[PDB]
Every structure is written in structure tokens, then in C-alpha cells.
Amino acid sequence: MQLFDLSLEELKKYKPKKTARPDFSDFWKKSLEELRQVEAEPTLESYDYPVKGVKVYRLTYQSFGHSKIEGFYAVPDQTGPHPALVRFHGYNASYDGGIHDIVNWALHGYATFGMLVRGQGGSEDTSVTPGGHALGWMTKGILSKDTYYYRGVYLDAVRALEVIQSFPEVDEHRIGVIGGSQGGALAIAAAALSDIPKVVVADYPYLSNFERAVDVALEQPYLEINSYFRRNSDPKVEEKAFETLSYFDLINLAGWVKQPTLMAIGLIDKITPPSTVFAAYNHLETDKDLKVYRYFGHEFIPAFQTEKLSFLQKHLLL
Amino acid sequence: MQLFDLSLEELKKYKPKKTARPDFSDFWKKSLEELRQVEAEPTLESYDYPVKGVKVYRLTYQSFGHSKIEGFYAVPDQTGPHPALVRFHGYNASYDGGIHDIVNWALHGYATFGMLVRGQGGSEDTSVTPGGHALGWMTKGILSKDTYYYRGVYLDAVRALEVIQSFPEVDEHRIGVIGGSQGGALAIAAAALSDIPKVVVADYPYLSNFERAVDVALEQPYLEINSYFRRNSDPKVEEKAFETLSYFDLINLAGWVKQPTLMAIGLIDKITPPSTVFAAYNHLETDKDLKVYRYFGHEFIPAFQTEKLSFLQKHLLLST
Amino acid sequence: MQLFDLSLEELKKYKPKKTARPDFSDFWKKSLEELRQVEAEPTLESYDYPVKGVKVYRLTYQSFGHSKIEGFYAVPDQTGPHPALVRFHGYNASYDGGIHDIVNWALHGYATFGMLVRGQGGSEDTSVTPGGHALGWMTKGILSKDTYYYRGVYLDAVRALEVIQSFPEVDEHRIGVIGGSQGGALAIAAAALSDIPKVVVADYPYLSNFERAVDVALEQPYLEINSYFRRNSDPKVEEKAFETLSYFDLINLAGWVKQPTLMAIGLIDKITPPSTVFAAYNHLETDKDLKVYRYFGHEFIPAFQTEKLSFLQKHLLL
Amino acid sequence: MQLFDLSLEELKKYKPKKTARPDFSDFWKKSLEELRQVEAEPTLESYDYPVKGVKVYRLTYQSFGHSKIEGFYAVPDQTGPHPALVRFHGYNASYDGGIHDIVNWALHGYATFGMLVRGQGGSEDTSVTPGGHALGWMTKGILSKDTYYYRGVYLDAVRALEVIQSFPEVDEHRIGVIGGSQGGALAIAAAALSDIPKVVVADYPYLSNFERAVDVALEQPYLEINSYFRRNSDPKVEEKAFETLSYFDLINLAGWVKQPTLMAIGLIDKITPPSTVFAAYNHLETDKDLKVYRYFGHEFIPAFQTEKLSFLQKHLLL
Amino acid sequence: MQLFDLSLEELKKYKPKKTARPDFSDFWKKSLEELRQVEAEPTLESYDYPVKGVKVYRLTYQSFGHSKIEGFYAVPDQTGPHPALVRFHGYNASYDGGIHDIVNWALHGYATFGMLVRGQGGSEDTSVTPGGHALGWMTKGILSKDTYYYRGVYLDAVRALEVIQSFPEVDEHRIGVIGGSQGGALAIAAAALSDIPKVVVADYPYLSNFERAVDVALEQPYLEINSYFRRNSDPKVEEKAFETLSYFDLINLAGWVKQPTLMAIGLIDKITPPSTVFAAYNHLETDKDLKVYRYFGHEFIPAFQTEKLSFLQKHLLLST
Amino acid sequence: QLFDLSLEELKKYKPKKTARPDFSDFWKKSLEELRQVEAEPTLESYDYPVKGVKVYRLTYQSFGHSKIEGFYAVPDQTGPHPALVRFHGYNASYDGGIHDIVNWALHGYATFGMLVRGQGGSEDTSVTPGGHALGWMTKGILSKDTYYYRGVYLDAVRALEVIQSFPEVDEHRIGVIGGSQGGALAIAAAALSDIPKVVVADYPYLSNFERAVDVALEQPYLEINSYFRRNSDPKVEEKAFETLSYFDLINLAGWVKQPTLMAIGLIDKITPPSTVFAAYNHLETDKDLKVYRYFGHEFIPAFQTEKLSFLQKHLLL
Ligand SMILES: [Cl-]
Ligand SMILES: [Cl-]
Ligand SMILES: [Cl-]
Ligand SMILES: [Cl-]
Ligand SMILES: [Cl-]
Ligand SMILES: [Cl-]
Ligand SMILES: [Cl-]
Ligand SMILES: [Cl-]
Ligand SMILES: [Cl-]
Ligand SMILES: [Cl-]
Ligand SMILES: [Cl-]
Ligand SMILES: [Cl-]
């Protein structure tokens, strides 16, 4: 689906000015505090699955707004402690909790939890819908950072790490966060808001450089924002919307990541445009690496899977 | 586009068996009771608009789950009482509250309120999201009739009539409910749950004959249900989902409509398939009429607009 | 969606060199004279419509080439004089004469006439077809300014104003011309050829900057010209065609507009490209204003409708 | 691609009831009389073309409504008399008069004239546009058989035969009419209105069984009629339109064809649906044959080209 | 994206007449003999991969026409014997030998070999191209059963089983063949031509009921045959082509399958139409089961993966 | 609509050659392997409904002992006749393009429409070394010796040698023509053989591969992209372009000494304007490029006139 974004030479140098508001840090500090006021009260229930050498469970826990978050948790059937992984799924891309992939990760030796994103693949979302918005989750409660959809999601991700880390069979010093697109963004955001994860792997991360994204993306779901503005023409609404988005934009959160990070990008990706991903990457100040794949788009990239397994193995499995 | 559904001869005879559960009526009785428990507490605020002979306001009121419902209210700038209309908009199809259309309806002589559907064109939705569902509103809280998205919406529509009818400038005996697709469904559902409206006009109503809809529709949003089942393969989930949907299906509510009704359908409509619309119409037991337009689909039908205006004029503007 | 034309900064500065031939003014002078030679002989016939407070009629009149032009005429049912509007419809976009919209305009207080464009939404076209051309009206009689399709149409628009102006219930000093795309072009052209209209409102006007339009448009109907050249490869035909088109191009007519003008443009419009619209606007020397809508294309723009009503009310109604 | 119309078994049996009005025959009698009142006054002008053994000319002649019809005429450069062909082109499908194909036919030994259809590939159309209609020629003057676009076209086709037949280098006893789609229809109509042609070859003929066509076609140009009804919703207009169309429908004209006829049809044709073509074929009462091609649609069918050449050679050349 | 083939009720009874020629059996007997004349001469080379508990190798062996067939072979890093699987990939759908999937199967406890199909994902194809054909492999050498593309492929599949079965770490009595679409067809054909495999799992098998397939498929690659006939209009060519295809059609080979079989089909599959898959299934005379998924097409079906794993576990991993 | 470089830039676009040091040695050795195979041509009359032309089915042996075929049409009159070898487009040959071949003969040319290995006809004995993407573009791409077009190019040269040996043919008046894939074969043949007198190529394919894979929007150049997606090893991409360079028109154009006529449509999405200008700008001979603003990868009427005039001027006389 041929090249369309900036040239590779330009992408390497693309580093848009941060859009973080003066109260950026304070907002997350207060948000994390509201999260801490909710007792995790996790629950585990065995779940049958046709596989040998792995025990699967359905895990739930309380998070921001007293929402019950869920997901499958697969553990190598042998004496631990085990290195662990918190896997985040893509936007509206979760089928049956992605249980088959979770189990396979456990077979690779990792205690794995696939957190289901509020209202998408699973999990409850107690946050109210303040008013009208475009079809989808991208603009729900977008007129305020306190009501925005991803506020709860980001906090759920952090809480997921706190719950996994507390498990006896888990080695709290060998926990990684992974995911693609929406999942990549959650991995990066979690690593930025918590020092629990040791490493981060993000395939073409979403939710990055919003202001350029709405002008370059050619496919959903970034365009849900454009749809929102078409339905609410008030100029002040557009201004306020981008103000809200800035608190969740990866270009403003990347700076907080201290963990070794591995990213991937396909140069013909029309969903998460190369420029938006390079933007996030170029704002990272840590041991990092970005794998660029000329002939791939927003999809599973075989060559990167090898890089990913090698990276996780090096930093966690040992 | 182009014919694809049942032949016209078959459509006229298409009347699927009701799917209403034994507790169908009980469910709506209890739902209306929960609505009654919430005080309307309506509010009006003047809203500037470049038009002569019409006063526009932003109207809000409390509804099911203590949700603040909103919408524009336009009134003919003259001594009343005035006949009134509650207009419902299409699925994810509301731009700036559809104020221009609301104003024009008022210019036609109707005190008009365009209720904004929860989370779509406006209005607050306090109902929580019980769990995962497909992109969109169609499957939100679908695993239970108590949590389903349209429960609140239907009640908001009923409450809209109760608020409008209480206005002194409004003639409670000349109120009509209108809308297209999602709007047509809300108009029919409101008239089925309330005897406040005198007449109903619904352009190719949505939310009808769900079990056939998911197998015949070729475009969104009925297909959101198909998407939901793809993401939740548990067979019991599909069973449960259709159980929930039956409580809101027009083929089960149509029987309660006693008001004169006018409907429209384009034979090449791929969003609200002709068969699903005929299904709703054929379940109506009242003074009714269905205008069939061979060359149109899910869109504005000029010829029908004339039928609509004539119908509302005869029952509301020039009556009583 | 997505942007594709010149950047907004460039659009504001885009002002292509006029393409008007030295006999430009003489051609229109002669054309207006041929028009004058035809007696209007207008006729009115009451037309029933389910609306209170407005009387509707079917209006007809003779124009260039002795063609019978038609359209619906709606009048506020109250003592006048009334401010008036001549509304022009879009290319092949007239359904049942657009009667519903005409009636609504009258309900807003304007004596309104919706002129039907020759052979499209209605009206007779006595102009002969000189020879072959591409499917559509864009290239009919394009090998000569005297035979070109829009010659008659532009003249009909002028004659429409002369007929409306003569009505007793109409206040000749408060007449406006409005329309979108093809309609916007007719409104501008009529205001350029006649001083009868007081104001002009044109939504993304068509028939502007032809030479750039054929190289930037991505949808019909500008592309009908490209289709024409594909079917008639003689190089002299292309030269001749653009020569003809120049006599009707808004960039050459805009300079004659003296009335206050309001225009609109969506930055993702693929039918009437932003650059072609800015070109027409930038050639206007009058009290003007161009509303730019980032998220809209060739469609009804709600926010602009408010601007439009406000503008018409300020100059005509109040 | 794929099948979509009636099964082959049903197609062979499909023979819709004629829709010809009681004055069908009288209408064409009167039309042919109005044509006779116009002097052909043909003109020939040498036209240079890079080919040896063939002389090319630009031919023009007067027809119905005093319209100047044109087209290229190629003649084998050798002593005649020569068998001849009048080739009709497809709807809006004529490029540079189809000169290359005309010359090739001459190289095959046929004095060939490629009549250009009014306003399409060439030729003048003096018939006025009575009123509004949909984009295209299909609905021009459709509210009356006297004003309908194809009335002049059909007569031009007949006049083409009268002109060619009069040429000294042409053997009036060996003239054939050929064409595809619109061209096939003109060939059949011409053979139905004139006994000049000896044989007929029509590739998937258009303008056949209109009432079924508007309900089965999936592509232009039959759908222009549907577009017309969308823009003019009056029920009486639909009734009137089909009334007019019946006078030009091949299912009503086929019965007059006495010449040997060869037809072709691709079972996945979405422009001229199989059922509409079988309809025309099944209404023919003459030496006929229909070649059915399962894997082809509205396009050049190689296998049929061989059938065509053999057929013309058998009846004309040899 | 929506129902289009026969109704479910009709699909269950769809069983087209076999098209096998009188020399069907003799052709395969002769072909297997030509294969036997080629010494396998397999080779193994360790291949590094970032995984713990599994050893991966690049495997090659000689097959029909002395073609060198290749593929990745992953083995559980523990004392055997191990149950084994021969996995076949989809049409032009092999990326880097599908190594990641092969390794995962080994992690599930199966010695797995992912045979690469001639000229597609890998492996050499020594068979000559007799003449012109349409873009793709579907019509290569189609004018003769001896030259047809899939003759070598089917034999390679059989030889794959003979090679895997000879490995000491492999339990010859617990070998399964799996694959989707083209892979499903290869699995079924292999099980039909060899009694080495114990069980078969085929996701919406391709190469089935060719004569119906070319008239119902809406996407590639069945349509490559239609393309072929467009380019070679001789009627005798079409007749000859279908004669050749009959020797490889699953509806003619299914009858030879004696192993327990598990199949899947999505009702909206446009590539391998439901009718063509039901046809293959209904021609099977063995312990069988067909999983039908209403909302899925030609894609990975989550729910079926669970069925597959349970099935293989029951017959291979947890048995003997 | 326009999408490639501007016309002004296209006229100046001349990418650096990618030919390897052994470029000429490779073709010299390949032509020698071809010479090793005896043509042993055969002719069989073929019935066709046309007067004044005799049609035959011609076959001959070529590289790898592959039997190449095609229709051969001859003006039914005393020769010698000027001749043409016509090459068809990628996967675009229907029934050998017999109708077009016959028409060329009616124009006065003894014409042979060579069918490209495995496409419109002809046998391809070259083995498939390993996996490749759907299509012929990447068959045997990991080596210049095994690449699909090696045999095809040699078949084209052999076609000229066979036609030239016919008594009814005037060896000094032979032209090579074709569009896209056919244009490339015409140019390649004229580059590898001095037999043809003139060349006419409509928007030639197989040119400037490295830019083609980044600019083309439709098949079949994109088959290469598909290949890389299925074989991600970086060394494979490097090797693949190494192989392709031996067949790229920008490296072969320099050998063409015959008068050449080319055409290009500015909205061509299959053979992008830049790749065609690239080939043209690498030609050092009597040449001319016809540019058609409103056309793409299709039959261009105006160019057909240029083509006939050009062939008539240089051959027919
Ligand atoms: Cl909000
Ligand atoms: Cl993508
Ligand atoms: Cl739910
Ligand atoms: Cl629709
Ligand atoms: Cl003209
Ligand atoms: Cl647009
Ligand atoms: Cl008319
Ligand atoms: Cl077609
Ligand atoms: Cl073959
Ligand atoms: Cl599918
Ligand atoms: Cl290779
Ligand atoms: Cl193209």
C-alpha cells in the first residue's frame, strides 16, 4: 500500500514539540492517588484449556472508579518464580480474550496476563458518558482529562502490574509489558507511570502525536477524532479536545520511561502512521531501539517477532 | 443498491413470529416505574439563532438512571397553544444537535424538540458498561435487558413526551413523534410505551426483526451484533444476546401502538433492509400506511417528505 | 477524508493569472444583448404544497435562444414587499425541483425562486449539440464560447434576476443569489453580470480555475474535461477547449463582483478542490469573507448554514 | 465477476411479452417519412492515415432534424464493387472516431463506415432538450417518443445505409451492419427499419427489455433511467417514460428483422445483463444464432471475433 | 461479509456426484510408485531460534521428480518418543516458513514439520511448465494429470510423512496432519494416500468440488481457473482441464480417508465456499465432525482452535 | 490522476546504472548457451477467416531446450516482406493474440507473436529453485542464471534469428514491437541482437526496479514487494535486486543502436512514468518519447497513428 508519510531520513529526525500542559505531572499524580484508594481485591479461578504444561486462570481485580477489570492469566506449570508479562490488546481487536496467545506466551516460559481493555475485549467501565461523542471509544469523555476514556485504561494497566507483581510465583524483578498499536501505547504508558516493569516492547504504538495523526492517518481509529469535530463544530470544542488528549499522548509520556524499550514500525502503516510512531520513539530517553520494516503496515511482522522473543529472553527469561 | 431482499409480493406478507418473552410486558412496566422515580426537573435556556418568527432554547431534563438528557427546542414566535413534535435523530447521525432542522420544523408551525440520544448527538449516559462489546452502541450491555443501551434511550423518549406535554404553550392533544431509522424506531417505541403522542411518522425504522436483520443487512450498524458474536464465540452468549434484543425489537412493540402511523421504505435500503421494516409495519394494528419507494435506499426521500408534511398537517396543524 | 491539496498557508496566497482573452468583456456584452432580444413573458401557476404561511408557484420565462426556463417560486403568505432569493442547484443534483428547500427559504421570510438548470433539474435547452463530447454537460459545445453549455445557463441566471425583480411583492433592493458548487458558481457569475443582486453566498463554487482543476480534482464532474480530451486527442482541441472555458471561469468573472460576498470551503473537498475555490475568492475585489472548514468536504456544512442565515438576515431580512 | 442473472436453462426460455403500443408501427412509418424529407447531400473528404492498400475519408450527410452526421469511411484501395459494413460504436465509447478499427475492417476487404452517434463520438444533434433529465443521453427527451434521443440516432443509422448503398464502389447486395452493446442495438434497429442490410452481427445488444433492465443491471448506463426516476418522483413520469422507451426497445423491433443474425453474450455481463440480450434474441424470427460465453462480460470476446469474421466472410466477402 | 451460499439445511445434504475417472485409483498407484523410486535422503541442520525447551532444524528431502523439498522441523527438547504433526500452509500464504507457528506447536508437545509447498513458501519444483496458463499455480500443467502442479505437491506431502515417521524421536503411531485451506486439502489428500497419519484436522479445505467452485467462489484463488478459460477459449480445453482436476479433487479422495477427521467452515467464507467444504465432508466415510461457524469467513477461527487442540490432545498427546 | 514526478523532472530523470561488473559477460555467456540449441523451427498452416493472409503456428527450440510457440501471419502475396516480432503483455495474452497478429499481416508485415513462457503459451523447462511470490516476477530471482526473464529474453533473440531465416522475409526490414512487458522484450531483444532494424515500445516494463517497487501502485511490479514480505532475510532483498539488475532496461538501453519510438501516459500506475523516462533517458540512439497526459496503462489511439507511421517509414516503404 506504498509509501505515503515522511521519507525515512525525515522520520528519523521527526520530534514534535511536547504538548504537555503545565499541570501534566500533577494530573497523573492525582490520578494514581485516586487509583491507590481502590483496594485491588484480586480473584483467581482456574480455567480449563487443552494444553499441557500450563495452568490457566481467569483473573479479576478492582481499579479506578471501582471497575472490575478482567483477563486470562496463564502460568508455566512448574516451580517458579517465573518471569512475567502483561500483554495489552489492540483497539476493538480482542477475540475471546486472546486466550490462545496468552497460553502460548506461558509456553515460552512467562507468567502472562492479558488485560482486557474496558468495554472492548472485556472488563467493566464504570466511567459515565458525559455527553455526545463519535462512534467508538476514542472520543468518550474527551472534553475533560478527568472523564476521558483512556484515563481509566491507563490506570488499569498500572494496577495490572501491581497485582501481577504481588503473586508468589512471579519474580517482581523480571516483568515486561508488551502489546501492539493500542497495546503498544498501554505498554509504554504503564512503563511511564510505574517502575514495576523491567522492559517494554511496543509494536507500532497508537495514541501518539494526536495533532499530526488526525491530519495524516488514512484509516480508523484516529479518524474518530475527525468524526467528532464534524459533529461538534464549536471551535472551542476542538481546542479543548486536543487539550485533553495531550495528557495521554505518548510524546508527553515517553520522557518518563526508564526501562529498555524495543519498538517496531512498518513504513506503509496507514493506521498508526510512521511519523506518529517515530515521534514517540524520538521522545524516549532510555536504552531503546526502533525496528523499521519497509514492506509492512499495521500487521503481524514475522521478522519483528524474532527480535521480540530475543529481547524478552535476554532481559527476562535469561 | 439494486434489489436484493424479498420480492415486494413477499414483503407485503412477511410477518415473523413475535420473539417477546413471557415477562415482556412486566419488564416495561417495571422500567417505566423506575423512570417515574426520577423527577424531570426540566430547564430551558434561550439560544440565539439567525431566524425570524421562532424562539430557540436548549432543553434538559432528568431521566432513567438520573441521566441529564438534552436537545434543542424551537417554538413558533406567536401565541399558542401550538401542536408539537419530538424528533429523534439517526444512529451516530447528529451534527450540532440538528438545530437547523429543528428550527425549520418550528417554522412549519410545530413546537419542536430534538432529543439527543445518549452519548451520540448529546445527552449524558450514566448506565455503566457491564463488559466487553463490539465497537459502537448496539451491543453495550447486551447480556441483560436491564443493562442494554436502548433501555435508557427508550425511557428518555417517553420522558421527552412527558416534559413537552407539560409546557403551557403546547397543546397536549396535538403531539407527534417522528424520526428516521434509529429515530423512526424511537418514535414507534415511544408511541408504544406512552399514549401521549397522537400520531407517528417513521422513515425506514431501525431495531426491527433483529434475528433476520443480522443475516440480511449489508451495512452498519446491524452488523455490530455480528461483530460482537465474532469476538465472543460462546454459544450461550448469542442466545442471551437475542433474548435481550427481543425486549426492544419493534416487532414485539408494534402491537402496542394505537396512534395513526405513517412509514416509508426504499426497496434498495441496505442498512434497514425492506424485510425488517415490513416486519414492523405488518405487526402494527392501527390506522397505518407504508409508502414504498422502489428507487431509494437509506436516505432522504423527497416524495415521502410531502406525504409526511401532509400527514402531520392533517392530524396536528389543521385539527381539533 | 484527509488533506490533499495545497497547505492552508499556500491556499491563502493562491491567485492564478487570469486567463481571460482580450475579447472577454465584449463577448459577455454581446451575449447579454442577445438575451435582451428575448421577451421574458413570465408565467405563474399556483402549486399546492402542505405548508401554512407560504404560497408556492411554478414559474417559467423565456431566455437565451428562446428557451423556456422553469422553477418553483415560494412566497411568504403576508403583505410585502419581501426580500428575495434566487437559489441555484448543484450539478445533476436537483430532485423534484428542490421544492422542499425552496419552501423552507420562504418560511425564513424570502420570496424564493429555485432556477432549474437547463436539461438538469428542469428547463428547456434549445442550444444544439455541435458535435461529440464526453458523457455529461461539462463539454457540450465546448469548441466555441458561442455554443458552450454554460453560456445559456449564465444568461438564464441573469434573466431570473430580471424576472424576480419585476414582481410587485419583491423589494428589488433586497435580492440575494445563493447556491452550492454549480449553484455557487451561478450565483457569482450572475452577480458579476448583473447589478440587481445585493449580496452573494456561494458554497465551494464550481467552474473555477479550470486548468488547475483538471489536474487536481479526484472526482466528477471536472474530470469530464479529461474524459473529453481522451476521446479527442487532437492537441488543437485541448487548446481550443481551454480557450472556451476561460470565458466562463470564475477567476476571470470574480473581478466584476461588487456585492458583499460570503463563501465556504471544506479542506478535504475532492470535487471542488480547495485551491480552485481559493483562486476564485482571491480574485474578488469586494466586501468578502471565506469560511474554511478543515473537517468537511463537498457536502452540507452545518456551521456554515448558521453563517449563511446570519449574513442573509443582516443584508436582506432585517 | 460471477454469475448473477437467470440460469442458462431459464435464459433460453426467457421471452418477455412485447410492450409495443398500438401505434408502434405508425410511429416508425411517420419517423421514416420525416427522415425522407431531408436530402442526404453527402460529402467525402480524403483523410490521411499511415496504411497501405486503403483510402480513408471523412463522410458527412444530413439526417433527421437536418443534423449533420459524420464518421470515417475506409475503402479497400482496389477495383470494386466492394462488400460494405456500417459499424456502430458503444455508448460514450468512441475515441477519435474509432478510426483504427475502421481501417482494419477495410483491410479485411470491406468498405466501412463508422457512424458517430449524435453528441457522443461525433455528429451534430439538433434535437432540443425538452426538459430536465439524468446525467447522460439515456433520458434526454424521454417524456415523448417524438423527442427521445434515440429517435434521431435510429434514423441516422437508416440514413447511413442509404448513403453507403448509393456509392458506386459499394455492392448494395452485400452490406452488413455490426456493433457492440449500443452498437449492437443500432445494428438490429437499422436492420429492422431497413431492408438494405444483408446481415447483422450484434455483440451483447443494449436498449433491450428496459423494464427488466432497470431492475437487474448493476452498472451504467441502464441505471441512468433509475437516476431519472429518483430526480422526478411523479408516478405518471415513470409510466410515461416506459411508454416512450417501448418504441425503441429491441424486443419490439426484433420481430421486423429478416436478415441472418449473429449475436453474442457473456454470462457475467453486468452492463447488458444476459436476460435482456436473450430477450431480444428470443424475439427474433429469422436465421439466427446466439453465441454464449460463460467466462466473459461486457468486453471484447476473442472467440466471438472468429465467429464474426467467419459469418461476415460467408455472407459478404466470399 | 454476509451469507451467500446454500442455506445451512441444504449444505448439510449437499453431496455432489463424484467426478473420478475410471483410472482414478490406477493414476495414484502409478504416481506413488514413481515417488517410491526416489530415495528420500533426508538432511537435518540445527537452526537457532529464541526459544527455551525446543530444538529447531531445517529439514530437506528428495521427492517426486527429484525435487528437494524443505521446511522447518521443531522438536520438544526432552526425551521422546514424541507425537508428531505435519503442518501444511495456505496458498501463497507462507512467511519465513511459518517458523513461529511451527515452534509453538512443538511447545505444545508435538515434533512438528511445516512442509513448504513447491515454489510457494519454499522447496524446489522440478516439474516443467508444459504451456501457457493463468497467473498463479492453480493452472500450471493443467492439461494433463501427469503434469499438474498438485501431483508433485500431494506426493511431497506423502513423502513428508514417510520421512517424519522414520525419525527415532517420533512415535510413528501418533502422527497427525493439519492445515487450513490449501493446507487442509493437503492434510486430507495425504491421509487419503497414506495410512501413516492417525488423525486429520482441516480448516475449510481448498481444492474441493472444482466444478461448483468456479461458479460460486467470489475471490481468488479458485478463480484462477476462470482466468485460464478466458485466455484459452477452446471448448476442449475446458473439458480437459476439469478432467485433470478431478484426479485431485477432495470429493474423489475423501472416500479413502479412514482416520478420525475434524473440519471447520465459516458460513461467510468467500474463498473456500461453504458448499465446496460440505461437499468434501459429506464424502468422508470415517469418524468425522464438521464445526460450523456462522460469523466467520476464510480466517483464523478462535473457537475452532480450542476444538483443534482438544482433538489433537485426545488422539495424540494423551494417548497410546 | 497525476502522481509521479512532474513532467519537467521526468525529462531529467536518469538514475545511475545498477549493472554489475560482469553484466556484459553474463549476456555473452547466456547467448552462447542459446546458440548451443538448434532452432529446428516448424510451421503448420492454421485456418483463419481472412482473405489475403496465410496464418501458421510456429514453434522453435530455445534456451534450456524449451519449445517456444506463437502465431505467424504472412501477407498472401510474393515477398520479400518486411517483418515484425510482436511481444505481448504480462499475463495478457488471449488465444495467442491471433486477431492482432493477422491485422498486422494485413498491414503488410510478416508477423510473429511470440508467446512468453508459461503465460500466453510456450514451454518453460527452467526449474523453480525455491519459494517465490504468486506470479512470474520472482521465479528464480535469487540468481541471474535461474531468473524467469533470462529464458524469455533469449527466446526473444531466437525469435529474431528464426524469422530472419525465412525466405519470404527481408532480413533488413525487421521490427520489434510490444507494450509494457512486450515493450521491454522489444528493447531487450534490440539490445542483445542487431537483427531488428527498429523498435517500438509502449510504456516498457522491467525498468528501474529499485524505484519501481517504491512508486508503482498496481501489479505486477508489486510482486517483488510481496516476495520480500514472505522472505524477510535482508540478504535476500540485496540478492534479489542484484539479479534484477541484469535484466533492467536502464542497464540494457545503452546497447540499443536502432531507431526507437516509445510512449508513456502520465497517469500510468502499472509502469510509472518515472521508470519509463528512466529507460528512455538511458537510450543513446535515434529516439523519441511520446507523452500522453490523459492516458494510463492502456491502448492510446493517438500513439497507434505514430506507431504505424514510424513502422511504415522505416520498414514498409
Ligand atoms: Cl465529553
Ligand atoms: Cl496498514
Ligand atoms: Cl454486557
Ligand atoms: Cl442504502
Ligand atoms: Cl463542441
Ligand atoms: Cl468530497
Ligand atoms: Cl423530456
Ligand atoms: Cl461487465
Ligand atoms: Cl498444461
Ligand atoms: Cl472470507
Ligand atoms: Cl530462487
Ligand atoms: Cl494505469
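Order of the sequence lines sets the chain letters (A, B, ...), proteins ahead of strands, with each chain counted from 1.
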Gap separating the CG atom of F/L115 from the CD1 atom of F/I68, nearest 0.5 angstrom: 9.0 Å

Could you look at F/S232 and say if it's the side chain, the backbone, both or neither that has a heavy atom under 4.5 Å from chain E? both

E/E224, part contacting chain F, at a heavy-atom distance under 4.5 Å: side chain

When heavy-atom pairs shorter than 4.5 Å are enumerated against chain E, which of F/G118, F/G130, F/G121 gives the highest number? F/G118

Does the ring centre of F/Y148 sit less than 6.0 Å away from the ring centre of F/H132? no

Residue part contacting chain F, namely of E/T126, when any heavy atom lies under 4.5 Å: both

Max heavy-atom pairs within cutoff under 4.5 Å with chain F, candidates E/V117, E/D234, E/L135, E/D96, goes to E/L135

Any idea which of F/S66, F/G120, F/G96, F/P129 has the most non-hydrogen atom pairs under 4.5 angstrom with chain E? F/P129

How about CD on E/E239, more than 12 heavy atoms from neighbouring residues, nucleotides or ligands closer than 6.0 Å, or not? no

For E/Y47, is the NZ or CZ atom of E/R58 found under 6.0 angstrom from the centre of its six-membered ring and inside 45 degrees of the ring axis? no

Does CD belonging to F/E44 count more than 12 external heavy atoms closer than 6.0 Å? no

